[PDB]
Amino acid sequence: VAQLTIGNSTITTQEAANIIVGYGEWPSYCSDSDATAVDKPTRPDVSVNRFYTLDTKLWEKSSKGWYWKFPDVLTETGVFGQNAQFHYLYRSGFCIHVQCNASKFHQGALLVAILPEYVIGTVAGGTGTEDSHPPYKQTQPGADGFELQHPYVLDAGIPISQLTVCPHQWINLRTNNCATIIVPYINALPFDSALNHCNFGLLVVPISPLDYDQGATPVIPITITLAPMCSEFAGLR
Amino acid sequence: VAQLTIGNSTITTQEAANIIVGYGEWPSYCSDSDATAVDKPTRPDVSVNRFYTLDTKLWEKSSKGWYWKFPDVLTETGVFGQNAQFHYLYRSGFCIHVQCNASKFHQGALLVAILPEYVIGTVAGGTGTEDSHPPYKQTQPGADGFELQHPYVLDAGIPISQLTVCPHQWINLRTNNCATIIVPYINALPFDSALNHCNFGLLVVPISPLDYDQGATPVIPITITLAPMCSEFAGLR
Amino acid sequence: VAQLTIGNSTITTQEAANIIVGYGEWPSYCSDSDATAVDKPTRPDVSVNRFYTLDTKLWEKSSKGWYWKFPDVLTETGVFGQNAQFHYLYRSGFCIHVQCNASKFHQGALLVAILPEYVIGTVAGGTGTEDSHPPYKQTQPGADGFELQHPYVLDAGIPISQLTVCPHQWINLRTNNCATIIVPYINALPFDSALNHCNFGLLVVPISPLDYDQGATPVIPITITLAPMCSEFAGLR
Amino acid sequence: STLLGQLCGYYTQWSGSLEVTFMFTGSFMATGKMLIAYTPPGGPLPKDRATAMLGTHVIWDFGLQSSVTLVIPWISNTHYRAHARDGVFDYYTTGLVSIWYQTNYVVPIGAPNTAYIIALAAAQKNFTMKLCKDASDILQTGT
Amino acid sequence: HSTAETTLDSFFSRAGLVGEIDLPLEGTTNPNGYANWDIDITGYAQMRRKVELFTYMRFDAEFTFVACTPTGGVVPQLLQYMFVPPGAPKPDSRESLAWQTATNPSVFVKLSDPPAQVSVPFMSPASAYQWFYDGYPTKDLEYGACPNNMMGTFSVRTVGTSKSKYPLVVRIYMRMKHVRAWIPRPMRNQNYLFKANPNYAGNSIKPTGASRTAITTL
């Protein structure tokens, strides 16, 4: 046991298990050239660099899986929510940390992954005749995430059977629980909007269904804690 | 002409006239002992250190004078207003700068001064039989100040004939206009409330009545610009 | 105060304000190759190099602006008028100096500029159906200049909103008055006619309308003084 | 009206820092303060003068300096669009310069109780232009 | 000419009468042979105006108790003066277990014995007392009132289970020592209305000092 403390926050997470650094790159600030050359972007090191602990989601024998959209997820709660709202341009890396409190008498496996530009696609009506672009609920599901309706096709006709081709980490209950992923800023632009375009999505699906002999707490809590690595903003409003 | 630029603000004030440093002390942070010994108070150097320019007051042939109360005046407008509101303890020095735009065809004299613990006292009824402690309008007149009703006794039975015994500076139109005063934190406590107790008051009274031969703009604008020198706060809410 | 004296003339102009050297080049004579190779062109340094002071024009609350055409303007009055008339080929740089005598109780702004090959265009009839090339009054307005009829389009369908893209200098009354411009010989020929082709034009338009509280001399005199820098002529008649 | 503008029309997309200048042409005896403020893309024009000041602004005093210059950080007309049919790369990045009366206009008896301010723009050194577009409504006509 | 008479300690020294308790044998006021006096240095009239020359002060005080009969007579009656450290509760009866509690310094002396004197240290939990407080100590009007400035409470009483045999008058003198002042402020120039705030007659404003006929005639 060893509790990391970076900010007015103090998560009592494991000493130092294995963390998957995304696409093999630590999120950093910027050389000296961007979508702003006579506009030196202030780099929030203040309260924009602490631990955020999203409202734990409950895993049932039936959860289809969940997903969050960055940077949206936090533009809500937080002083990082203060920045993302009062600023025009934005660039920031991350570091998610998904924990699972369960007993040795439970069992399951969660695939946790980061998928850049995660574009959803609802039923398209019901059978497939309605160009209805998903609600403002599926495009930016705040800090409480959103559930997958068709886990198999990740809600975008792509097979989850191949999701591991993204920065991912497994969470097999009989072997661990906490899993970590350091995401670097991935975009086709140095500085992009932090309110309309969501640089990516964090998925967390039960590949091996949760289960327990009858009599154990049936819902295992999944606690997602994240830390904004190298925030950057330009021009306030 | 030479415009000082400390912050996203840029006042085009005189090159460097005469400034009266209050009680002969530059506002500073703190040694290493306060009303918080295992609580290292964060020192806002960010947007809490820029230029604030209060809504210019208009000087008439009849203005009785005005006054503002610090730190209140700014807890309103500003990110310094953000701090003073979301923080418990506070300690901060200052630097006021009162400017006067008028022509060589006008005339007058303003006594500008800083008076620690400026306790008001209304009429006390009308003639003097009512323990009515002044309204919440005279104790904390926001960022728009408040007018003196009895300039001669500064609204507190003290003679203005002696106000110069405080950090003051004169503004005689025929000789200047801008006047500056650097106020250091003056209190009987290291860290005091920044919302209930007003460390002091800034007075600005027309000692020599404004005047102009008929036909000149009758109202001369008094522009008060101030800068928070060495802000300090402890414990957010 | 310091009066420059180059010739039997003596203008009591300011000590040395700011002068805009045209296209960044001091008017000079010539290397050793021209429209005359076995004809060494005599360079009038005699009375062709003195100060000429054109009849001051009066600026009213309504003046649309004026313009002169070089070298024409002087081929009139002057011994430089003697040369330009009795000679075939010509090449000469210049140096205009526009002064404005007004009081601190007036106000206005004049844009003074040099525009090479300034081709006028009258109304073209009235509405626009008559190939009437402007009179011999608008093509060569002697030493008394000529007024703009359509200041906005500089009398040639070009927007004055962009005239500053030429060697120019502003004359804002509240800030100065005298303005200077050194024009170099600009032509597509080494030696050109000094009687038919006008190398350029000097415009001087009131961008900020002249004004004065009622009772001040309503007309402010604009005094244009110029000096022929490096005159050159070939073959007399 | 600016040459800058007119040239841009001959180009499809661009980016860089700008530079507006303001020249007070009033009397000499005139004094006062004007507050010029720029609001980057998004944040609508500040409600009142106060709030406007809480963001990048410059208090300009003509009593002193008779001409102030404001720098626009960066504007990028690259955010593609498709209006009615003229799918031209629409700015989107419309900053917003507002000028406010910080103090009333002050003048002595004898001076013009109203003056004018000229504005001079131009792009900064770091300006670019990409793609050519000969859009020109002013065309050559056979006599 | 020695500028020593102009120091701060030489300005604020001198034992002044700040309190006068009264224990009439029978009557209205203090019908229980005892009374509670709250240390108030304004017990001395012209003192307010003086101390109020500054915004922050620090000092100690030596209190002296000159008690006798209304006539000025000396009598064989034993008294007990008790001190209630700001924070502890005061007596309410002629034998509230308050006079019993040790943490409340008492000092017994007979009228035979010369005046009793004791020193109260600079109480306040602040760096200094402060005559002015421009705010509210974080229904009712709590403005201008500064909390921690309470020096304590003296509780005079005739020792013993029964009432006193003669009428008594205890005069309380207090001289402040070791003074430090800060932030000098203008000198009061309008009569005082309440011991509380600095309110003044809002119409009965008189000129700082006497006036004359014409500015040219002396």
# chains A, B, ... in the order shown; residues from 1 in each chain; ligands from 1
$ closest_atom_pairs --of "chain B" --to "chain E" --cutoff "10 Å" --atoms "only C-alpha atoms" --output "CSV"
residue,atom,partner,partner_atom,distance
B:23,CA,E:183,CA,8.3
B:69,CA,E:134,CA,8.6
B:70,CA,E:134,CA,9.6
B:72,CA,E:135,CA,9.9
B:115,CA,E:185,CA,7.6
B:116,CA,E:183,CA,7.4
B:117,CA,E:134,CA,4.7
B:118,CA,E:134,CA,5.5
B:119,CA,E:134,CA,4.9
B:120,CA,E:198,CA,7.3
B:121,CA,E:199,CA,4.5
B:122,CA,E:199,CA,6.3
B:123,CA,E:202,CA,3.9
B:124,CA,E:199,CA,5.9
B:125,CA,E:202,CA,7.4
B:126,CA,E:202,CA,5.4
B:127,CA,E:202,CA,5.2
B:128,CA,E:201,CA,4.3
B:129,CA,E:201,CA,8.1
B:130,CA,E:199,CA,9.2
B:131,CA,E:194,CA,7.6
B:132,CA,E:141,CA,7.8
B:133,CA,E:141,CA,6.2
B:134,CA,E:143,CA,7.9
B:135,CA,E:141,CA,9.0
B:136,CA,E:143,CA,9.2
B:139,CA,E:135,CA,6.6
B:140,CA,E:135,CA,8.1
B:149,CA,E:202,CA,9.4
B:150,CA,E:202,CA,8.4
B:152,CA,E:207,CA,8.5
B:153,CA,E:189,CA,7.6
B:154,CA,E:186,CA,9.7
B:155,CA,E:199,CA,8.2
B:156,CA,E:198,CA,5.7
B:157,CA,E:190,CA,4.9
B:158,CA,E:188,CA,4.5
B:159,CA,E:189,CA,5.9
B:160,CA,E:186,CA,7.3
B:161,CA,E:186,CA,8.1
B:162,CA,E:186,CA,5.3
B:163,CA,E:186,CA,5.8
B:164,CA,E:186,CA,8.4
B:165,CA,E:185,CA,6.5
B:166,CA,E:185,CA,6.8
B:167,CA,E:183,CA,9.7
B:186,CA,E:183,CA,8.7
B:187,CA,E:56,CA,8.6
B:188,CA,E:127,CA,5.1
B:189,CA,E:127,CA,6.2
B:190,CA,E:127,CA,8.8
B:193,CA,E:138,CA,7.7
B:194,CA,E:135,CA,10.0
B:195,CA,E:138,CA,8.5
B:196,CA,E:136,CA,5.2
B:197,CA,E:135,CA,4.0
B:198,CA,E:134,CA,5.2
B:199,CA,E:134,CA,6.9
B:200,CA,E:134,CA,7.0
B:201,CA,E:134,CA,8.6
$ interface_residues --of "chain B" --to "chain D" --cutoff "10 Å" --atoms "only C-alpha atoms" --output "PDB file with N, CA and C atoms, in the first residue's frame"
ATOM      1  N   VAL B   1       5.098  60.412 -22.018  1.00  0.00           N
ATOM      2  CA  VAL B   1       4.093  59.311 -22.045  1.00  0.00           C
ATOM      3  C   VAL B   1       4.808  57.959 -22.022  1.00  0.00           C
ATOM      4  N   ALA B   2       4.339  57.056 -21.162  1.00  0.00           N
ATOM      5  CA  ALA B   2       4.916  55.712 -21.029  1.00  0.00           C
ATOM      6  C   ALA B   2       3.917  54.782 -20.320  1.00  0.00           C
ATOM      7  N   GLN B   3       3.321  53.855 -21.075  1.00  0.00           N
ATOM      8  CA  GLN B   3       2.320  52.930 -20.531  1.00  0.00           C
ATOM      9  C   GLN B   3       2.812  51.658 -19.823  1.00  0.00           C
ATOM     10  N   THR B   5       2.619  48.052 -18.191  1.00  0.00           N
ATOM     11  CA  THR B   5       1.838  46.855 -18.544  1.00  0.00           C
ATOM     12  C   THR B   5       2.134  45.604 -17.698  1.00  0.00           C
ATOM     13  N   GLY B   7       0.126  42.664 -16.628  1.00  0.00           N
ATOM     14  CA  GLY B   7      -1.074  41.850 -16.727  1.00  0.00           C
ATOM     15  C   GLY B   7      -1.721  42.027 -18.087  1.00  0.00           C
ATOM     16  N   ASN B   8      -2.875  41.395 -18.305  1.00  0.00           N
ATOM     17  CA  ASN B   8      -3.581  41.522 -19.580  1.00  0.00           C
ATOM     18  C   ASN B   8      -4.181  42.925 -19.674  1.00  0.00           C
ATOM     19  N   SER B   9      -3.661  43.817 -18.835  1.00  0.00           N
ATOM     20  CA  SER B   9      -4.099  45.204 -18.773  1.00  0.00           C
ATOM     21  C   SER B   9      -2.964  46.123 -19.208  1.00  0.00           C
ATOM     22  N   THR B  10      -3.320  47.289 -19.736  1.00  0.00           N
ATOM     23  CA  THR B  10      -2.321  48.245 -20.189  1.00  0.00           C
ATOM     24  C   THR B  10      -2.774  49.698 -20.014  1.00  0.00           C
ATOM     25  N   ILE B  11      -2.482  50.276 -18.844  1.00  0.00           N
ATOM     26  CA  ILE B  11      -2.834  51.671 -18.564  1.00  0.00           C
ATOM     27  C   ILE B  11      -1.736  52.589 -19.117  1.00  0.00           C
ATOM     28  N   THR B  12      -2.132  53.592 -19.899  1.00  0.00           N
ATOM     29  CA  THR B  12      -1.184  54.541 -20.487  1.00  0.00           C
ATOM     30  C   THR B  12      -0.921  55.740 -19.557  1.00  0.00           C
ATOM     31  N   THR B  13      -0.485  55.444 -18.329  1.00  0.00           N
ATOM     32  CA  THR B  13      -0.196  56.450 -17.295  1.00  0.00           C
ATOM     33  C   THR B  13       1.137  57.185 -17.496  1.00  0.00           C
ATOM     34  N   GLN B  14       1.279  58.354 -16.867  1.00  0.00           N
ATOM     35  CA  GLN B  14       2.503  59.150 -16.974  1.00  0.00           C
ATOM     36  C   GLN B  14       3.747  58.275 -16.796  1.00  0.00           C
ATOM     37  N   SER B  47      -3.595  35.726 -12.298  1.00  0.00           N
ATOM     38  CA  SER B  47      -4.430  36.867 -12.702  1.00  0.00           C
ATOM     39  C   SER B  47      -4.819  37.787 -11.541  1.00  0.00           C
ATOM     40  N   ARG B  50      -2.768  41.997 -11.744  1.00  0.00           N
ATOM     41  CA  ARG B  50      -2.972  42.767 -12.973  1.00  0.00           C
ATOM     42  C   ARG B  50      -3.604  44.110 -12.619  1.00  0.00           C
ATOM     43  N   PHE B  51      -3.920  44.914 -13.623  1.00  0.00           N
ATOM     44  CA  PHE B  51      -4.511  46.219 -13.358  1.00  0.00           C
ATOM     45  C   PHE B  51      -6.025  46.248 -13.384  1.00  0.00           C
ATOM     46  N   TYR B  52      -6.619  46.801 -12.335  1.00  0.00           N
ATOM     47  CA  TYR B  52      -8.068  46.920 -12.265  1.00  0.00           C
ATOM     48  C   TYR B  52      -8.395  48.400 -12.387  1.00  0.00           C
ATOM     49  N   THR B  53      -9.359  48.737 -13.232  1.00  0.00           N
ATOM     50  CA  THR B  53      -9.711  50.133 -13.434  1.00  0.00           C
ATOM     51  C   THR B  53     -11.179  50.434 -13.113  1.00  0.00           C
ATOM     52  N   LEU B  54     -11.453  50.766 -11.853  1.00  0.00           N
ATOM     53  CA  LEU B  54     -12.811  51.064 -11.392  1.00  0.00           C
ATOM     54  C   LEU B  54     -13.564  52.106 -12.207  1.00  0.00           C
ATOM     55  N   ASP B  55     -14.872  51.903 -12.321  1.00  0.00           N
ATOM     56  CA  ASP B  55     -15.733  52.815 -13.066  1.00  0.00           C
ATOM     57  C   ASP B  55     -15.513  54.258 -12.624  1.00  0.00           C
ATOM     58  N   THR B  56     -14.906  55.024 -13.515  1.00  0.00           N
ATOM     59  CA  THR B  56     -14.606  56.425 -13.289  1.00  0.00           C
ATOM     60  C   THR B  56     -15.762  57.180 -12.638  1.00  0.00           C
ATOM     61  N   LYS B  57     -15.461  57.966 -11.604  1.00  0.00           N
ATOM     62  CA  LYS B  57     -16.472  58.777 -10.919  1.00  0.00           C
ATOM     63  C   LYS B  57     -16.390  60.172 -11.511  1.00  0.00           C
ATOM     64  N   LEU B  58     -17.528  60.849 -11.606  1.00  0.00           N
ATOM     65  CA  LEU B  58     -17.569  62.196 -12.165  1.00  0.00           C
ATOM     66  C   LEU B  58     -17.561  63.276 -11.090  1.00  0.00           C
ATOM     67  N   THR B  77     -15.810  42.638  -8.645  1.00  0.00           N
ATOM     68  CA  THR B  77     -15.271  42.400  -9.976  1.00  0.00           C
ATOM     69  C   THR B  77     -13.819  41.929  -9.948  1.00  0.00           C
ATOM     70  N   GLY B  78     -13.533  40.879 -10.708  1.00  0.00           N
ATOM     71  CA  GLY B  78     -12.175  40.389 -10.782  1.00  0.00           C
ATOM     72  C   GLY B  78     -11.963  38.962 -10.349  1.00  0.00           C
ATOM     73  N   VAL B  79     -10.814  38.417 -10.743  1.00  0.00           N
ATOM     74  CA  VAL B  79     -10.422  37.061 -10.382  1.00  0.00           C
ATOM     75  C   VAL B  79      -9.855  37.179  -8.972  1.00  0.00           C
ATOM     76  N   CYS B 100      -6.710  62.059 -13.092  1.00  0.00           N
ATOM     77  CA  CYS B 100      -7.711  63.072 -13.343  1.00  0.00           C
ATOM     78  C   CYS B 100      -7.568  63.742 -14.705  1.00  0.00           C
ATOM     79  N   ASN B 101      -8.510  63.486 -15.604  1.00  0.00           N
ATOM     80  CA  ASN B 101      -8.451  64.075 -16.934  1.00  0.00           C
ATOM     81  C   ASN B 101      -9.218  65.374 -16.979  1.00  0.00           C
ATOM     82  N   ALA B 102      -8.484  66.480 -17.014  1.00  0.00           N
ATOM     83  CA  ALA B 102      -9.085  67.806 -17.058  1.00  0.00           C
ATOM     84  C   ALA B 102      -8.192  68.726 -17.872  1.00  0.00           C
ATOM     85  N   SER B 103      -8.696  69.910 -18.210  1.00  0.00           N
ATOM     86  CA  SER B 103      -7.936  70.863 -19.018  1.00  0.00           C
ATOM     87  C   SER B 103      -7.344  71.977 -18.191  1.00  0.00           C
ATOM     88  N   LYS B 104      -6.388  72.686 -18.781  1.00  0.00           N
ATOM     89  CA  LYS B 104      -5.724  73.794 -18.109  1.00  0.00           C
ATOM     90  C   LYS B 104      -6.687  74.965 -17.842  1.00  0.00           C
ATOM     91  N   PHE B 105      -7.947  74.793 -18.235  1.00  0.00           N
ATOM     92  CA  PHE B 105      -8.974  75.816 -18.051  1.00  0.00           C
ATOM     93  C   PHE B 105      -9.945  75.495 -16.940  1.00  0.00           C
ATOM     94  N   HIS B 106      -9.605  74.443 -16.194  1.00  0.00           N
ATOM     95  CA  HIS B 106     -10.363  73.983 -15.031  1.00  0.00           C
ATOM     96  C   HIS B 106      -9.499  74.290 -13.827  1.00  0.00           C
ATOM     97  N   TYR B 212     -14.807  75.914 -13.325  1.00  0.00           N
ATOM     98  CA  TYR B 212     -14.466  76.196 -14.720  1.00  0.00           C
ATOM     99  C   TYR B 212     -15.303  77.374 -15.226  1.00  0.00           C
ATOM    100  N   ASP B 213     -14.703  78.259 -16.026  1.00  0.00           N
ATOM    101  CA  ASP B 213     -15.481  79.376 -16.559  1.00  0.00           C
ATOM    102  C   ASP B 213     -16.532  78.596 -17.371  1.00  0.00           C
ATOM    103  N   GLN B 214     -17.754  79.116 -17.406  1.00  0.00           N
ATOM    104  CA  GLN B 214     -18.877  78.483 -18.100  1.00  0.00           C
ATOM    105  C   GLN B 214     -18.651  78.098 -19.559  1.00  0.00           C
ATOM    106  N   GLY B 215     -18.813  76.818 -19.861  1.00  0.00           N
ATOM    107  CA  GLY B 215     -18.641  76.386 -21.229  1.00  0.00           C
ATOM    108  C   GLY B 215     -17.684  75.230 -21.378  1.00  0.00           C
ATOM    109  N   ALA B 216     -17.043  74.839 -20.283  1.00  0.00           N
ATOM    110  CA  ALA B 216     -16.099  73.724 -20.306  1.00  0.00           C
ATOM    111  C   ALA B 216     -16.825  72.507 -19.749  1.00  0.00           C
ATOM    112  N   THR B 217     -16.429  71.298 -20.150  1.00  0.00           N
ATOM    113  CA  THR B 217     -17.105  70.118 -19.621  1.00  0.00           C
ATOM    114  C   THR B 217     -17.077  70.285 -18.106  1.00  0.00           C
ATOM    115  N   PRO B 218     -18.259  70.342 -17.499  1.00  0.00           N
ATOM    116  CA  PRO B 218     -18.383  70.627 -16.065  1.00  0.00           C
ATOM    117  C   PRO B 218     -17.966  69.463 -15.169  1.00  0.00           C
ATOM    118  N   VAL B 219     -17.943  68.252 -15.714  1.00  0.00           N
ATOM    119  CA  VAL B 219     -17.607  67.085 -14.930  1.00  0.00           C
ATOM    120  C   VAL B 219     -16.250  66.547 -15.341  1.00  0.00           C
ATOM    121  N   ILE B 220     -15.335  66.482 -14.387  1.00  0.00           N
ATOM    122  CA  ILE B 220     -14.022  65.957 -14.676  1.00  0.00           C
ATOM    123  C   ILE B 220     -13.990  64.546 -14.136  1.00  0.00           C
ATOM    124  N   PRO B 221     -13.621  63.586 -14.977  1.00  0.00           N
ATOM    125  CA  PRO B 221     -13.555  62.183 -14.583  1.00  0.00           C
ATOM    126  C   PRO B 221     -12.333  61.805 -13.751  1.00  0.00           C
ATOM    127  N   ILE B 222     -12.576  61.130 -12.628  1.00  0.00           N
ATOM    128  CA  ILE B 222     -11.505  60.666 -11.745  1.00  0.00           C
ATOM    129  C   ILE B 222     -11.372  59.158 -11.955  1.00  0.00           C
ATOM    130  N   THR B 223     -10.267  58.718 -12.544  1.00  0.00           N
ATOM    131  CA  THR B 223     -10.104  57.296 -12.813  1.00  0.00           C
ATOM    132  C   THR B 223      -9.213  56.564 -11.830  1.00  0.00           C
TER     133      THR B 223
END
$ select_by_dssp --residues "range 68-113 of chain D" --states "strand (DSSP E or B)" --output "VMD selection string"
chain D and resid 68 to 77 96 to 101 106
$ write_last_selection --atoms "N, CA, C and O atoms" --output "compact mmCIF listing (two decimals), in the first residue's frame"
# COMPACT_ATOMS: atom_id res chain seq x y z
N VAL D 68 -2.62 55.10 -30.07
CA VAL D 68 -2.32 53.79 -29.49
C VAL D 68 -2.50 52.64 -30.49
O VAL D 68 -3.35 52.72 -31.37
N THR D 69 -1.71 51.58 -30.33
CA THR D 69 -1.79 50.42 -31.21
C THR D 69 -2.11 49.13 -30.47
O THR D 69 -1.47 48.79 -29.48
N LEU D 70 -3.11 48.41 -30.97
CA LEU D 70 -3.55 47.15 -30.38
C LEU D 70 -3.18 45.96 -31.25
O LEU D 70 -3.38 45.98 -32.46
N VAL D 71 -2.67 44.90 -30.62
CA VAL D 71 -2.29 43.72 -31.38
C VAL D 71 -3.28 42.59 -31.22
O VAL D 71 -3.60 42.21 -30.11
N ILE D 72 -3.75 42.08 -32.35
CA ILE D 72 -4.67 40.95 -32.33
C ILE D 72 -3.75 39.74 -32.41
O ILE D 72 -3.04 39.53 -33.40
N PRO D 73 -3.75 38.92 -31.35
CA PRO D 73 -2.97 37.70 -31.15
C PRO D 73 -2.83 36.78 -32.34
O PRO D 73 -1.72 36.41 -32.73
N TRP D 74 -3.96 36.39 -32.91
CA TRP D 74 -3.96 35.49 -34.04
C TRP D 74 -5.39 35.23 -34.51
O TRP D 74 -6.30 35.07 -33.70
N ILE D 75 -5.57 35.22 -35.83
CA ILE D 75 -6.86 34.94 -36.45
C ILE D 75 -6.57 33.94 -37.55
O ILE D 75 -5.67 34.13 -38.37
N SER D 76 -7.33 32.85 -37.55
CA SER D 76 -7.13 31.81 -38.54
C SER D 76 -8.37 31.48 -39.33
O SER D 76 -9.30 30.83 -38.85
N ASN D 77 -8.37 31.96 -40.57
CA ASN D 77 -9.46 31.71 -41.48
C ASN D 77 -9.14 30.40 -42.17
O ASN D 77 -8.72 30.38 -43.32
N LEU D 96 -13.02 40.03 -31.41
CA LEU D 96 -13.96 41.13 -31.26
C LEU D 96 -13.39 42.34 -30.53
O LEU D 96 -13.24 42.33 -29.31
N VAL D 97 -13.08 43.38 -31.29
CA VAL D 97 -12.54 44.61 -30.72
C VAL D 97 -13.67 45.57 -30.44
O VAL D 97 -14.46 45.88 -31.33
N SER D 98 -13.74 46.03 -29.20
CA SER D 98 -14.75 46.98 -28.77
C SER D 98 -14.01 48.16 -28.13
O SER D 98 -13.01 47.96 -27.43
N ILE D 99 -14.48 49.38 -28.38
CA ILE D 99 -13.87 50.57 -27.80
C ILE D 99 -14.92 51.22 -26.92
O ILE D 99 -16.05 51.46 -27.36
N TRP D 100 -14.56 51.50 -25.68
CA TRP D 100 -15.48 52.08 -24.71
C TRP D 100 -15.03 53.41 -24.15
O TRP D 100 -13.84 53.71 -24.10
N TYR D 101 -16.00 54.21 -23.73
CA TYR D 101 -15.71 55.50 -23.14
C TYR D 101 -15.33 55.29 -21.68
O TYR D 101 -16.22 55.12 -20.84
N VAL D 106 -13.53 65.29 -22.42
CA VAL D 106 -13.24 66.54 -21.72
C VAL D 106 -12.51 67.59 -22.53
O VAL D 106 -11.41 67.36 -23.02
$ atom_distance --atom1 "CA of residue 65 in chain B" --atom2 "CA of residue 49 in chain E"
25.5 Å
$ residues_around --residues "residue 119 in chain D" --least-positions-apart "6" --cutoff "9 Å" --atoms "only C-alpha atoms" --output "VMD selection string"
chain D and resid 20 to 23
$ write_last_selection --atoms "N, CA and C atoms" --output "compact mmCIF listing (two decimals), in the first residue's frame"
# COMPACT_ATOMS: atom_id res chain seq x y z
N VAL D 20 -4.09 46.69 -35.26
CA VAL D 20 -4.87 47.89 -35.44
C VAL D 20 -4.27 49.02 -34.64
N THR D 21 -4.30 50.20 -35.24
CA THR D 21 -3.78 51.39 -34.60
C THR D 21 -4.93 52.38 -34.54
N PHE D 22 -4.93 53.22 -33.52
CA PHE D 22 -5.99 54.20 -33.38
C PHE D 22 -5.39 55.59 -33.21
N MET D 23 -5.82 56.50 -34.07
CA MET D 23 -5.31 57.86 -34.05
C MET D 23 -6.37 58.85 -33.65
$ interface_residues --of "chain A" --to "chain B" --cutoff "12 Å" --atoms "only C-alpha atoms" --output "ChimeraX atom specification"
/A:8,42-47,235-236
$ atom_distance --atom1 "CA of residue 160 in chain E" --atom2 "CA of residue 76 in chain E"
12.9 Å
$ residues_around --residues "residue 24 in chain A" --least-positions-apart "2" --cutoff "10 Å" --atoms "only C-alpha atoms" --output "list in words"
residues 20, 21, 22, 26, 27, 167, 182, 183 and 184 of chain A
$ atom_distance --atom1 "CA of residue 191 in chain A" --atom2 "CA of residue 9 in chain D"
26.2 Å
$ residues_around --residues "residue 43 in chain E" --least-positions-apart "3" --cutoff "6 Å" --atoms "only C-alpha atoms" --output "PyMOL selection string"
chain E and resi 18-19+40
$ select_by_dssp --residues "range 36-218 of chain B" --states "alpha helix (DSSP H)" --output "list in words"
residues 72, 73, 74, 75, 79, 80, 81, 82, 83, 84, 85 and 86 of chain B
$ decode --residues "range 182-206 of chain E" --atoms "C-alpha atoms" --output "short mmCIF file (atom, residue, chain, number, x, y, z; two decimals), in the first residue's frame"
data_model
loop_
_atom_site.label_atom_id
_atom_site.label_comp_id
_atom_site.auth_asym_id
_atom_site.auth_seq_id
_atom_site.Cartn_x
_atom_site.Cartn_y
_atom_site.Cartn_z
CA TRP E 182 0.26 52.58 15.50
CA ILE E 183 -1.40 54.27 12.52
CA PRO E 184 -2.10 57.80 13.78
CA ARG E 185 -5.58 59.03 12.79
CA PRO E 186 -7.32 62.47 12.88
CA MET E 187 -8.30 63.83 16.30
CA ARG E 188 -11.99 63.48 17.21
CA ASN E 189 -13.74 66.84 16.69
CA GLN E 190 -17.45 66.05 17.21
CA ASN E 191 -18.94 65.14 20.56
CA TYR E 192 -19.29 61.43 21.26
CA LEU E 193 -22.73 59.82 21.11
CA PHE E 194 -22.28 56.25 22.36
CA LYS E 195 -19.49 54.29 23.92
CA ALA E 196 -20.02 51.89 21.03
CA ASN E 197 -19.46 53.44 17.61
CA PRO E 198 -18.19 56.84 16.34
CA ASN E 199 -21.65 58.16 15.47
CA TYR E 200 -22.16 61.88 15.88
CA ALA E 201 -24.96 64.44 15.79
CA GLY E 202 -26.03 64.47 12.11
CA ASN E 203 -26.91 68.17 12.02
CA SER E 204 -25.17 69.48 15.15
CA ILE E 205 -21.83 69.43 13.37
CA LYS E 206 -19.74 72.26 14.73
#
